[PDB]
file run_4.json (JSON, C-alpha atoms and all ligand atoms)
[["chain", "number", "residue", "atom", "x", "y", "z"],
["A", 2, "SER", "CA", -19.18, 7.46, -36.52],
["A", 3, "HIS", "CA", -17.49, 5.52, -37.84],
["A", 4, "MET", "CA", -16.52, 4.55, -34.32],
["A", 5, "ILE", "CA", -14.08, 1.74, -33.65],
["A", 6, "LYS", "CA", -12.81, 0.26, -30.41],
["A", 7, "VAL", "CA", -9.15, -0.63, -29.98],
["A", 8, "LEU", "CA", -7.66, -2.38, -26.92],
["A", 9, "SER", "CA", -4.51, -0.94, -25.41],
["A", 10, "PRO", "CA", -2.58, -3.51, -23.31],
["A", 11, "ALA", "CA", -0.42, -3.06, -20.23],
["A", 12, "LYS", "CA", 3.03, -4.51, -19.59],
["A", 13, "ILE", "CA", 5.09, -5.65, -16.63],
["A", 14, "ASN", "CA", 8.85, -5.55, -16.18],
["A", 15, "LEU", "CA", 10.03, -9.05, -15.41],
["A", 16, "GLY", "CA", 13.22, -7.68, -13.90],
["A", 17, "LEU", "CA", 15.20, -4.47, -14.45],
["A", 18, "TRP", "CA", 18.86, -3.47, -14.10],
["A", 19, "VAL", "CA", 20.57, -0.10, -14.38],
["A", 20, "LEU", "CA", 23.96, -0.10, -16.11],
["A", 21, "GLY", "CA", 24.77, 3.59, -15.59],
["A", 22, "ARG", "CA", 24.11, 7.25, -16.36],
["A", 23, "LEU", "CA", 23.83, 8.68, -19.87],
["A", 24, "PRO", "CA", 24.85, 12.32, -20.66],
["A", 25, "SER", "CA", 21.24, 12.68, -21.77],
["A", 26, "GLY", "CA", 20.25, 12.66, -18.06],
["A", 27, "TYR", "CA", 18.57, 9.31, -18.73],
["A", 28, "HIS", "CA", 20.01, 5.89, -17.77],
["A", 29, "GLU", "CA", 21.03, 2.81, -19.71],
["A", 30, "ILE", "CA", 19.03, -0.13, -18.48],
["A", 31, "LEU", "CA", 18.37, -3.79, -19.20],
["A", 32, "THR", "CA", 14.81, -5.13, -18.84],
["A", 33, "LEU", "CA", 12.35, -7.82, -19.85],
["A", 34, "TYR", "CA", 8.97, -6.49, -21.02],
["A", 35, "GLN", "CA", 5.94, -8.73, -20.84],
["A", 36, "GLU", "CA", 2.61, -7.78, -22.40],
["A", 37, "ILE", "CA", -0.29, -8.51, -20.08],
["A", 38, "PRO", "CA", -4.01, -9.15, -20.86],
["A", 39, "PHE", "CA", -5.02, -5.96, -19.04],
["A", 40, "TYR", "CA", -6.46, -3.24, -21.24],
["A", 41, "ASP", "CA", -7.54, 0.31, -21.67],
["A", 42, "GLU", "CA", -10.37, 0.45, -24.18],
["A", 43, "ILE", "CA", -10.00, 3.26, -26.70],
["A", 44, "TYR", "CA", -12.85, 4.60, -28.82],
["A", 45, "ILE", "CA", -11.90, 6.32, -32.05],
["A", 46, "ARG", "CA", -14.44, 8.42, -33.94],
["A", 47, "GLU", "CA", -14.20, 10.78, -36.92],
["A", 48, "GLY", "CA", -14.30, 14.42, -35.75],
["A", 49, "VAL", "CA", -12.31, 17.37, -34.39],
["A", 50, "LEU", "CA", -8.95, 16.27, -32.90],
["A", 51, "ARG", "CA", -9.71, 15.48, -29.26],
["A", 52, "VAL", "CA", -8.12, 13.18, -26.67],
["A", 53, "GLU", "CA", -10.25, 12.56, -23.59],
["A", 54, "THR", "CA", -10.09, 10.05, -20.71],
["A", 55, "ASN", "CA", -12.49, 8.99, -17.96],
["A", 56, "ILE", "CA", -9.96, 10.11, -15.28],
["A", 57, "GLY", "CA", -9.27, 13.77, -16.18],
["A", 58, "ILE", "CA", -5.88, 13.97, -17.88],
["A", 59, "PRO", "CA", -5.53, 17.36, -19.61],
["A", 60, "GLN", "CA", -5.59, 17.06, -23.42],
["A", 61, "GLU", "CA", -2.30, 18.96, -23.77],
["A", 62, "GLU", "CA", -0.64, 16.53, -21.33],
["A", 63, "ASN", "CA", -1.92, 13.31, -22.94],
["A", 64, "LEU", "CA", 0.79, 11.38, -24.81],
["A", 65, "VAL", "CA", -1.75, 10.40, -27.48],
["A", 66, "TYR", "CA", -2.51, 14.09, -28.19],
["A", 67, "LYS", "CA", 1.21, 14.94, -28.21],
["A", 68, "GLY", "CA", 1.73, 12.05, -30.63],
["A", 69, "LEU", "CA", -1.10, 12.98, -33.00],
["A", 70, "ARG", "CA", 0.05, 16.62, -33.25],
["A", 71, "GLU", "CA", 3.53, 15.35, -34.15],
["A", 72, "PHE", "CA", 1.86, 13.08, -36.73],
["A", 73, "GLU", "CA", 0.43, 16.19, -38.45],
["A", 74, "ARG", "CA", 3.80, 17.97, -38.10],
["A", 75, "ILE", "CA", 6.01, 15.17, -39.50],
["A", 76, "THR", "CA", 3.61, 13.99, -42.24],
["A", 77, "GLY", "CA", 1.58, 17.10, -43.22],
["A", 78, "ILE", "CA", -1.91, 15.53, -43.00],
["A", 79, "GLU", "CA", -4.42, 17.03, -40.54],
["A", 80, "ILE", "CA", -5.88, 14.37, -38.22],
["A", 81, "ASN", "CA", -9.67, 14.45, -37.82],
["A", 82, "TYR", "CA", -10.24, 11.94, -35.00],
["A", 83, "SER", "CA", -12.09, 12.13, -31.67],
["A", 84, "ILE", "CA", -10.33, 9.87, -29.09],
["A", 85, "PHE", "CA", -11.88, 8.67, -25.86],
["A", 86, "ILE", "CA", -9.78, 6.44, -23.57],
["A", 87, "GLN", "CA", -11.34, 4.44, -20.75],
["A", 88, "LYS", "CA", -8.41, 4.08, -18.36],
["A", 89, "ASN", "CA", -8.26, 0.76, -16.56],
["A", 90, "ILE", "CA", -4.46, 0.89, -16.42],
["A", 91, "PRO", "CA", -3.70, 3.55, -13.78],
["A", 92, "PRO", "CA", -1.00, 6.17, -14.43],
["A", 93, "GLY", "CA", 1.98, 5.87, -12.06],
["A", 94, "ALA", "CA", 1.40, 2.12, -11.82],
["A", 95, "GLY", "CA", 4.56, 1.08, -13.72],
["A", 96, "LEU", "CA", 2.51, -0.68, -16.43],
["A", 97, "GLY", "CA", 3.15, 1.59, -19.42],
["A", 98, "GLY", "CA", -0.50, 2.61, -19.88],
["A", 99, "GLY", "CA", 0.12, 6.00, -21.50],
["A", 100, "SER", "CA", 2.84, 4.57, -23.76],
["A", 101, "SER", "CA", 0.50, 1.78, -24.80],
["A", 102, "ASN", "CA", -2.23, 4.32, -25.56],
["A", 103, "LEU", "CA", 0.29, 6.36, -27.62],
["A", 104, "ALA", "CA", 1.57, 3.34, -29.59],
["A", 105, "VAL", "CA", -1.80, 1.68, -30.33],
["A", 106, "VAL", "CA", -3.61, 4.92, -31.27],
["A", 107, "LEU", "CA", -0.86, 6.28, -33.52],
["A", 108, "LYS", "CA", -0.47, 2.90, -35.26],
["A", 109, "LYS", "CA", -4.24, 2.74, -35.83],
["A", 110, "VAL", "CA", -4.66, 6.33, -37.06],
["A", 111, "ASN", "CA", -1.66, 5.69, -39.37],
["A", 112, "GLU", "CA", -3.36, 2.65, -40.95],
["A", 113, "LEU", "CA", -6.69, 4.51, -41.23],
["A", 114, "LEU", "CA", -4.90, 7.16, -43.33],
["A", 115, "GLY", "CA", -3.44, 4.69, -45.88],
["A", 116, "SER", "CA", -0.12, 4.17, -44.00],
["A", 117, "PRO", "CA", 1.81, 7.46, -44.63],
["A", 118, "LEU", "CA", 4.45, 6.44, -42.09],
["A", 119, "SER", "CA", 6.45, 3.22, -42.27],
["A", 120, "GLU", "CA", 6.89, 0.87, -39.31],
["A", 121, "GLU", "CA", 10.42, 2.30, -38.88],
["A", 122, "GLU", "CA", 9.19, 5.93, -38.84],
["A", 123, "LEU", "CA", 6.16, 5.14, -36.67],
["A", 124, "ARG", "CA", 8.63, 3.51, -34.27],
["A", 125, "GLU", "CA", 10.64, 6.78, -34.33],
["A", 126, "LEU", "CA", 7.52, 8.92, -33.79],
["A", 127, "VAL", "CA", 6.22, 7.03, -30.72],
["A", 128, "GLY", "CA", 9.74, 6.26, -29.43],
["A", 129, "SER", "CA", 10.69, 9.92, -29.10],
["A", 130, "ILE", "CA", 7.84, 10.48, -26.62],
["A", 131, "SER", "CA", 8.25, 7.28, -24.56],
["A", 132, "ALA", "CA", 11.06, 4.66, -24.35],
["A", 133, "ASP", "CA", 8.38, 2.16, -23.33],
["A", 134, "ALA", "CA", 6.09, 3.06, -26.26],
["A", 135, "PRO", "CA", 7.84, 1.15, -29.12],
["A", 136, "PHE", "CA", 7.46, -2.02, -27.07],
["A", 137, "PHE", "CA", 3.70, -1.75, -27.65],
["A", 138, "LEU", "CA", 4.19, -1.80, -31.42],
["A", 139, "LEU", "CA", 5.43, -5.41, -31.09],
["A", 140, "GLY", "CA", 3.92, -6.59, -27.78],
["A", 141, "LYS", "CA", 4.21, -10.17, -26.46],
["A", 142, "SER", "CA", 7.67, -10.59, -24.79],
["A", 143, "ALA", "CA", 10.78, -8.48, -25.54],
["A", 144, "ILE", "CA", 14.18, -7.58, -24.07],
["A", 145, "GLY", "CA", 14.58, -3.83, -23.82],
["A", 146, "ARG", "CA", 18.08, -2.46, -23.99],
["A", 147, "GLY", "CA", 19.42, 1.05, -24.33],
["A", 148, "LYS", "CA", 16.71, 2.98, -22.55],
["A", 149, "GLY", "CA", 14.12, 0.34, -23.44],
["A", 150, "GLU", "CA", 13.61, 1.21, -27.12],
["A", 151, "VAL", "CA", 16.18, -1.24, -28.49],
["A", 152, "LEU", "CA", 14.03, -4.34, -28.43],
["A", 153, "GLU", "CA", 14.56, -8.06, -28.92],
["A", 154, "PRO", "CA", 11.51, -10.36, -29.12],
["A", 155, "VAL", "CA", 11.95, -13.58, -27.11],
["A", 156, "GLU", "CA", 9.97, -16.68, -26.15],
["A", 157, "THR", "CA", 9.55, -17.19, -22.40],
["A", 158, "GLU", "CA", 8.72, -20.38, -20.51],
["A", 159, "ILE", "CA", 6.60, -18.29, -18.11],
["A", 160, "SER", "CA", 2.85, -18.96, -17.88],
["A", 161, "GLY", "CA", -0.01, -19.34, -15.38],
["A", 162, "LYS", "CA", -1.53, -17.08, -12.74],
["A", 163, "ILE", "CA", -0.19, -13.59, -12.18],
["A", 164, "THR", "CA", -1.76, -11.07, -9.81],
["A", 165, "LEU", "CA", -1.18, -7.30, -9.75],
["A", 166, "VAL", "CA", -1.71, -5.30, -6.59],
["A", 167, "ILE", "CA", -1.70, -1.60, -7.42],
["A", 168, "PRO", "CA", -1.70, 0.78, -4.46],
["A", 169, "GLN", "CA", -3.45, 4.15, -4.82],
["A", 170, "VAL", "CA", -0.12, 6.00, -5.05],
["A", 171, "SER", "CA", 1.35, 7.28, -8.30],
["A", 172, "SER", "CA", 5.09, 6.63, -8.57],
["A", 173, "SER", "CA", 7.18, 9.19, -10.41],
["A", 174, "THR", "CA", 9.59, 7.33, -12.70],
["A", 175, "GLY", "CA", 11.83, 10.44, -12.75],
["A", 176, "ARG", "CA", 11.91, 10.80, -8.96],
["A", 177, "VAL", "CA", 12.79, 7.09, -8.71],
["A", 178, "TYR", "CA", 15.63, 7.21, -11.28],
["A", 179, "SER", "CA", 16.95, 10.40, -9.58],
["A", 180, "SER", "CA", 17.48, 8.53, -6.29],
["A", 181, "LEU", "CA", 19.97, 6.10, -7.88],
["A", 182, "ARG", "CA", 23.48, 5.87, -6.39],
["A", 183, "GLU", "CA", 26.53, 4.19, -7.93],
["A", 184, "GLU", "CA", 25.83, 1.11, -5.75],
["A", 185, "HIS", "CA", 22.59, 0.35, -7.66],
["A", 186, "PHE", "CA", 24.32, -0.14, -11.01],
["A", 187, "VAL", "CA", 25.35, -3.53, -12.40],
["A", 188, "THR", "CA", 27.45, -4.61, -15.40],
["A", 189, "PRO", "CA", 25.54, -5.68, -18.55],
["A", 190, "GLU", "CA", 27.04, -9.18, -18.17],
["A", 191, "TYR", "CA", 25.42, -9.75, -14.78],
["A", 192, "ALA", "CA", 22.00, -8.58, -16.05],
["A", 193, "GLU", "CA", 22.21, -10.55, -19.34],
["A", 194, "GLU", "CA", 22.72, -13.75, -17.32],
["A", 195, "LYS", "CA", 19.74, -12.78, -15.12],
["A", 196, "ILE", "CA", 17.40, -12.06, -18.08],
["A", 197, "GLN", "CA", 18.39, -15.41, -19.68],
["A", 198, "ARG", "CA", 17.29, -17.24, -16.54],
["A", 199, "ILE", "CA", 14.00, -15.36, -16.23],
["A", 200, "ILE", "CA", 13.33, -16.08, -19.91],
["A", 201, "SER", "CA", 13.81, -19.81, -19.19],
["A", 202, "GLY", "CA", 11.05, -19.59, -16.59],
["A", 203, "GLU", "CA", 13.14, -18.96, -13.47],
["A", 204, "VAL", "CA", 10.93, -16.20, -12.01],
["A", 205, "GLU", "CA", 12.86, -16.32, -8.70],
["A", 206, "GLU", "CA", 15.69, -14.55, -10.57],
["A", 207, "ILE", "CA", 13.57, -11.41, -11.13],
["A", 208, "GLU", "CA", 14.97, -8.34, -9.37],
["A", 209, "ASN", "CA", 14.48, -4.60, -9.87],
["A", 210, "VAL", "CA", 16.47, -1.83, -8.14],
["A", 211, "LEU", "CA", 13.86, 0.84, -9.05],
["A", 212, "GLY", "CA", 11.38, -1.21, -6.96],
["A", 213, "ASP", "CA", 13.83, -1.25, -4.05],
["A", 214, "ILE", "CA", 13.92, 2.56, -4.27],
["A", 215, "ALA", "CA", 10.20, 2.99, -5.01],
["A", 216, "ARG", "CA", 9.55, 1.14, -1.74],
["A", 217, "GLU", "CA", 11.68, 3.66, 0.18],
["A", 218, "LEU", "CA", 10.17, 6.73, -1.54],
["A", 219, "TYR", "CA", 6.56, 5.48, -1.38],
["A", 220, "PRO", "CA", 5.91, 3.53, 1.89],
["A", 221, "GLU", "CA", 2.56, 2.20, 0.56],
["A", 222, "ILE", "CA", 4.41, 0.27, -2.18],
["A", 223, "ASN", "CA", 6.34, -1.36, 0.67],
["A", 224, "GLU", "CA", 3.06, -2.08, 2.52],
["A", 225, "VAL", "CA", 1.76, -4.00, -0.52],
["A", 226, "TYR", "CA", 5.13, -5.73, -0.86],
["A", 227, "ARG", "CA", 5.13, -6.87, 2.79],
["A", 228, "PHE", "CA", 1.47, -7.92, 2.57],
["A", 229, "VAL", "CA", 2.19, -10.18, -0.44],
["A", 230, "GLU", "CA", 5.01, -11.80, 1.57],
["A", 231, "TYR", "CA", 2.56, -12.34, 4.45],
["A", 232, "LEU", "CA", 0.22, -14.02, 1.96],
["A", 233, "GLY", "CA", 3.03, -16.52, 1.26],
["A", 234, "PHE", "CA", 4.14, -15.32, -2.18],
["A", 235, "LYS", "CA", 7.36, -13.76, -3.44],
["A", 236, "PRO", "CA", 6.48, -10.19, -4.54],
["A", 237, "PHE", "CA", 8.00, -8.27, -7.46],
["A", 238, "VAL", "CA", 7.74, -4.64, -8.49],
["A", 239, "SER", "CA", 6.88, -3.55, -12.07],
["A", 240, "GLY", "CA", 8.74, -0.57, -13.60],
["A", 241, "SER", "CA", 9.51, 2.10, -10.98],
["A", 242, "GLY", "CA", 6.27, 1.04, -9.32],
["A", 243, "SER", "CA", 3.77, 1.43, -8.05],
["A", 244, "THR", "CA", 2.60, -2.07, -9.05],
["A", 245, "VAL", "CA", 3.55, -5.15, -7.06],
["A", 246, "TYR", "CA", 2.89, -8.49, -8.76],
["A", 247, "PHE", "CA", 3.12, -12.16, -7.78],
["A", 248, "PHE", "CA", 2.67, -15.59, -9.37],
["A", 249, "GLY", "CA", -0.50, -16.91, -7.75],
["A", 250, "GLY", "CA", -4.17, -16.13, -7.19],
["A", 251, "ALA", "CA", -5.93, -13.55, -5.07],
["A", 252, "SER", "CA", -7.35, -14.79, -1.77],
["A", 253, "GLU", "CA", -10.48, -13.21, -0.25],
["A", 254, "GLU", "CA", -8.17, -11.81, 2.41],
["A", 255, "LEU", "CA", -6.13, -9.89, -0.21],
["A", 256, "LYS", "CA", -9.39, -8.71, -1.84],
["A", 257, "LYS", "CA", -10.58, -7.49, 1.57],
["A", 258, "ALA", "CA", -7.32, -5.67, 2.24],
["A", 259, "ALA", "CA", -7.41, -4.05, -1.21],
["A", 260, "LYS", "CA", -11.04, -2.89, -0.84],
["A", 261, "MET", "CA", -10.26, -1.37, 2.57],
["A", 262, "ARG", "CA", -6.96, 0.20, 1.47],
["A", 263, "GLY", "CA", -7.90, 1.28, -2.05],
["A", 264, "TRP", "CA", -5.65, -1.14, -3.92],
["A", 265, "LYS", "CA", -6.59, -2.56, -7.28],
["A", 266, "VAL", "CA", -6.29, -6.33, -7.63],
["A", 267, "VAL", "CA", -5.95, -7.67, -11.16],
["A", 268, "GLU", "CA", -5.86, -11.40, -11.67],
["A", 269, "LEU", "CA", -4.37, -12.35, -15.01],
["A", 270, "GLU", "CA", -3.39, -15.61, -16.67],
["A", 271, "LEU", "CA", -0.16, -15.65, -18.68],
["A", 301, "LIG", "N1", 15.84, 4.45, -19.60],
["A", 301, "LIG", "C1", 15.33, 5.45, -18.88],
["A", 301, "LIG", "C2", 13.98, 5.74, -18.99],
["A", 301, "LIG", "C3", 13.45, 6.77, -18.24],
["A", 301, "LIG", "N2", 14.29, 7.52, -17.39],
["A", 301, "LIG", "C4", 13.65, 8.63, -16.61],
["A", 301, "LIG", "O1", 12.20, 8.47, -16.82],
["A", 301, "LIG", "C5", 11.62, 9.76, -17.00],
["A", 301, "LIG", "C6", 10.50, 9.61, -18.04],
["A", 301, "LIG", "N3", 9.32, 8.94, -17.47],
["A", 301, "LIG", "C7", 8.22, 9.59, -17.07],
["A", 301, "LIG", "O2", 8.08, 10.81, -17.13],
["A", 301, "LIG", "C8", 7.11, 8.69, -16.53],
["A", 301, "LIG", "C9", 6.35, 9.32, -15.36],
["A", 301, "LIG", "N4", 6.63, 10.48, -14.75],
["A", 301, "LIG", "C10", 5.73, 10.68, -13.79],
["A", 301, "LIG", "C11", 5.55, 11.71, -12.86],
["A", 301, "LIG", "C12", 4.49, 11.64, -11.96],
["A", 301, "LIG", "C13", 3.62, 10.55, -11.98],
["A", 301, "LIG", "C14", 3.80, 9.53, -12.91],
["A", 301, "LIG", "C15", 4.86, 9.60, -13.81],
["A", 301, "LIG", "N5", 5.27, 8.79, -14.78],
["A", 301, "LIG", "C16", 12.70, 10.60, -17.66],
["A", 301, "LIG", "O3", 12.54, 11.95, -17.25],
["A", 301, "LIG", "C17", 14.02, 10.04, -17.12],
["A", 301, "LIG", "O4", 14.53, 10.85, -16.04],
["A", 301, "LIG", "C18", 15.66, 7.19, -17.32],
["A", 301, "LIG", "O5", 16.45, 7.79, -16.59],
["A", 301, "LIG", "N6", 16.13, 6.17, -18.06],
["A", 302, "BR", "BR", -16.57, 7.56, -27.29],
["A", 303, "BR", "BR", 25.23, 8.06, -8.86],
["A", 304, "BR", "BR", 3.12, 6.40, -0.29],
["A", 305, "BR", "BR", 10.10, -2.79, 6.50],
["A", 306, "BR", "BR", 11.33, -7.15, -8.39]]

call {"tool": "encode", "arguments": {"input": "run_4.json", "output": "structure tokens", "more": "lines below"}}
Ligand SMILES: Nc1ccn([C@@H]2O[C@H](CNC(=O)Cc3nc4ccccc4[nH]3)[C@@H](O)[C@H]2O)c(=O)n1
Ligand SMILES: [Br-]
Ligand SMILES: [Br-]
Ligand SMILES: [Br-]
Ligand SMILES: [Br-]
Ligand SMILES: [Br-]
result
Amino acid sequence: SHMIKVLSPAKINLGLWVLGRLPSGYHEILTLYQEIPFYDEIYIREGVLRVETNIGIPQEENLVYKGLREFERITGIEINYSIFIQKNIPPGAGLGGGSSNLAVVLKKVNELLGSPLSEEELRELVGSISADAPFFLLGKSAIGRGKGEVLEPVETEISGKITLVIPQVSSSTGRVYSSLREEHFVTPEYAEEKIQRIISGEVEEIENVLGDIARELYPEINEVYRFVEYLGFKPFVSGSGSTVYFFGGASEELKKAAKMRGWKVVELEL
């Protein structure tokens, strides 16, 4: 008690471009975030600070725990909440699950404490831990510039069936960015034209160089990719992987292949 449930949504990258290297080790990118109706369910209860999951992430490693300790640090209040996260969104899937968890929990806890932090500061608190996290404070559809944190809400003409095929391999975002060569970079002009077209519903214009690389580093991502082609759909890769998505439904043949191979198939409707 007094236990509440809060849904924590996933996202997909509807295209991603890398502009270049930052001194910061990180990279400047352009991307289109899309919130998807695919959720972790998070149970929040009054009690000793605790962040648990159903899949065995250490408490000290969990972004939500990191975020709630920084909440105490920055604001002074001591957080008495017991967090359990049921993880439907797999880590390493390129769907921003941990960053969603972080954003939605810290926003909720903040409200529950009479709003000590402002939407600008809360954005700063979650944003420092994950460039993808601030997106989950706004949700829906947004252009992510900078490293992803500089966000511009947009209306897309994209709707209808979307299917995720998540292999049972966890892609390391860092290992994928670290395989970039100068030949993978594009000018911001090229990418801005591309994002415009995707926004207008031209899904064929989606591309993502981190998916190209993810498919070399993790052959199973490439297996899923090739299998979606075989099914007669154009496949796309979310984030740095591992998720491959397409705009259509899941056949029994895909469902068979996934069951045998250990892939998760998520059918969503945008
Ligand atoms: N705009 C960005 C955003 C991120 N990055 C890279 O992502 C890295 C941050 N992301 C993660 O740590 C996500 C992640 N790491 C994993 C390792 C193993 C399995 C799953 C993982 N997810 C960061 O170190 C940086 O090199 C980057 O270069 N440019
Ligand atoms: Br619980
Ligand atoms: Br390079
Ligand atoms: Br692999
Ligand atoms: Br091949
Ligand atoms: Br793609």

call {"tool": "closest_residue", "arguments": {"input": "run_4.json", "among": "A:186, A:72, A:234, A:248", "to": "ligand BR 303 (chain A)", "atoms": "all atoms listed in the file"}}
result
A:186

call {"tool": "residues_near_ligand", "arguments": {"input": "run_4.json", "ligand": "ligand BR 306 (chain A)", "cutoff": "6 Å", "atoms": "all atoms listed in the file", "output": "JSON, numbers by chain"}}
result
{"A": [16, 207, 208, 209, 237, 238]}

call {"tool": "residues_near_point", "arguments": {"input": "run_4.json", "point": "(-0.7, 11.4, -32.1)", "cutoff": "12 Å", "atoms": "all atoms listed in the file", "output": "ChimeraX atom specification"}}
result
/A:50-52,60-76,78-84,99-100,102-111,123,126-130

call {"tool": "atom_distance", "arguments": {"input": "run_4.json", "atom1": "atom CA of residue A:255", "atom2": "atom CA of residue A:236"}}
result
13.3 Å

call {"tool": "residues_near_ligand", "arguments": {"input": "run_4.json", "ligand": "ligand BR 303 (chain A)", "cutoff": "6 Å", "atoms": "only C-alpha atoms and all ligand atoms", "output": "ChimeraX atom specification"}}
result
/A:181-183

call {"tool": "residues_near_ligand", "arguments": {"input": "run_4.json", "ligand": "ligand BR 302 (chain A)", "cutoff": "7 Å", "atoms": "all atoms listed in the file", "output": "ChimeraX atom specification"}}
result
/A:44-45,84-85

call {"tool": "closest_residue", "arguments": {"input": "run_4.json", "among": "A:150, A:184, A:190, A:29", "to": "ligand LIG 301 (chain A)", "atoms": "only C-alpha atoms and all ligand atoms"}}
result
A:29

call {"tool": "closest_atom_pairs", "arguments": {"input": "run_4.json", "of": "chain A", "to": "ligand BR 304 (chain A)", "cutoff": "6 Å", "atoms": "only C-alpha atoms and all ligand atoms", "output": "CSV"}}
result
residue,atom,partner,partner_atom,distance
A:170,CA,A:BR304,BR,5.8
A:219,CA,A:BR304,BR,3.7
A:220,CA,A:BR304,BR,4.6
A:221,CA,A:BR304,BR,4.3

call {"tool": "write_last_selection", "arguments": {"input": "run_4.json", "atoms": "C-alpha atoms", "output": "mmCIF file, in the frame of the given file"}}
result
data_model
loop_
_atom_site.group_PDB
_atom_site.id
_atom_site.type_symbol
_atom_site.label_atom_id
_atom_site.label_comp_id
_atom_site.auth_asym_id
_atom_site.auth_seq_id
_atom_site.Cartn_x
_atom_site.Cartn_y
_atom_site.Cartn_z
ATOM 1 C CA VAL A 170 -0.120 6.000 -5.050
ATOM 2 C CA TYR A 219 6.560 5.480 -1.380
ATOM 3 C CA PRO A 220 5.910 3.530 1.890
ATOM 4 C CA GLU A 221 2.560 2.200 0.560
#

call {"tool": "residues_near_ligand", "arguments": {"input": "run_4.json", "ligand": "ligand LIG 301 (chain A)", "cutoff": "6 Å", "atoms": "all atoms listed in the file", "output": "list in words"}}
result
residues 27, 28, 29, 30, 93, 148, 149, 171, 172, 173, 174, 175 and 178 of chain A

call {"tool": "write_last_selection", "arguments": {"input": "run_4.json", "atoms": "C-alpha atoms", "output": "tab-separated table (two decimals), in the coordinates of the input"}}
result
chain	number	residue	atom	x	y	z
A	27	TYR	CA	18.57	9.31	-18.73
A	28	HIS	CA	20.01	5.89	-17.77
A	29	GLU	CA	21.03	2.81	-19.71
A	30	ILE	CA	19.03	-0.13	-18.48
A	93	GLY	CA	1.98	5.87	-12.06
A	148	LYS	CA	16.71	2.98	-22.55
A	149	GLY	CA	14.12	0.34	-23.44
A	171	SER	CA	1.35	7.28	-8.30
A	172	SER	CA	5.09	6.63	-8.57
A	173	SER	CA	7.18	9.19	-10.41
A	174	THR	CA	9.59	7.33	-12.70
A	175	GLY	CA	11.83	10.44	-12.75
A	178	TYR	CA	15.63	7.21	-11.28

call {"tool": "atom_distance", "arguments": {"input": "run_4.json", "atom1": "atom CA of residue A:205", "atom2": "atom CA of residue A:243"}}
result
20.0 Å

call {"tool": "residues_near_ligand", "arguments": {"input": "run_4.json", "ligand": "ligand BR 305 (chain A)", "cutoff": "9 Å", "atoms": "only C-alpha atoms and all ligand atoms", "output": "MDAnalysis selection string"}}
result
chainID A and resid 220 223:224 227

call {"tool": "write_last_selection", "arguments": {"input": "run_4.json", "atoms": "C-alpha atoms", "output": "compact mmCIF listing (two decimals), in the coordinates of the input"}}
result
# COMPACT_ATOMS: atom_id res chain seq x y z
CA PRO A 220 5.91 3.53 1.89
CA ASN A 223 6.34 -1.36 0.67
CA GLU A 224 3.06 -2.08 2.52
CA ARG A 227 5.13 -6.87 2.79

call {"tool": "atom_distance", "arguments": {"input": "run_4.json", "atom1": "atom CA of residue A:233", "atom2": "atom CA of residue A:215"}}
result
21.7 Å

call {"tool": "closest_residue", "arguments": {"input": "run_4.json", "among": "A:54, A:201, A:119, A:252", "to": "residue A:92", "atoms": "only C-alpha atoms"}}
result
A:54

call {"tool": "closest_residue", "arguments": {"input": "run_4.json", "among": "A:229, A:218, A:11, A:204", "to": "residue A:95", "atoms": "only C-alpha atoms"}}
result
A:11

call {"tool": "residues_around", "arguments": {"input": "run_4.json", "residues": "residue A:200", "least_positions_apart": "6", "cutoff": "8 Å", "atoms": "all atoms listed in the file", "output": "MDAnalysis selection string"}}
result
chainID A and resid 155:159

call {"tool": "closest_residue", "arguments": {"input": "run_4.json", "among": "A:164, A:23, A:146, A:263", "to": "residue A:189", "atoms": "all atoms listed in the file"}}
result
A:146

call {"tool": "decode", "arguments": {"input": "run_4.json", "residues": "stretch 102-129 of chain A", "atoms": "C-alpha atoms", "output": "tab-separated table (two decimals), in the first residue's frame"}}
result
chain	number	residue	atom	x	y	z
A	102	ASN	CA	11.22	3.12	-16.78
A	103	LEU	CA	13.52	5.94	-15.54
A	104	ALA	CA	11.38	8.74	-17.02
A	105	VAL	CA	7.93	7.43	-15.99
A	106	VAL	CA	8.96	6.43	-12.45
A	107	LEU	CA	10.83	9.65	-11.65
A	108	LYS	CA	7.99	11.77	-13.05
A	109	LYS	CA	5.47	9.82	-10.94
A	110	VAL	CA	7.47	9.88	-7.69
A	111	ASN	CA	7.99	13.63	-8.29
A	112	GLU	CA	4.22	14.24	-8.52
A	113	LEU	CA	3.56	12.01	-5.48
A	114	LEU	CA	5.87	14.28	-3.45
A	115	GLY	CA	4.05	17.54	-4.33
A	116	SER	CA	6.23	18.34	-7.41
A	117	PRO	CA	9.58	19.50	-5.87
A	118	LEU	CA	11.21	19.45	-9.31
A	119	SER	CA	9.93	21.41	-12.30
A	120	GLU	CA	9.43	19.86	-15.74
A	121	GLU	CA	12.70	21.55	-16.82
A	122	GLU	CA	14.68	20.12	-13.87
A	123	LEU	CA	13.05	16.69	-14.10
A	124	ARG	CA	14.08	16.74	-17.77
A	125	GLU	CA	17.65	17.53	-16.62
A	126	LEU	CA	17.59	14.76	-13.97
A	127	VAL	CA	16.45	11.95	-16.31
A	128	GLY	CA	18.37	13.36	-19.30
A	129	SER	CA	21.74	13.10	-17.59
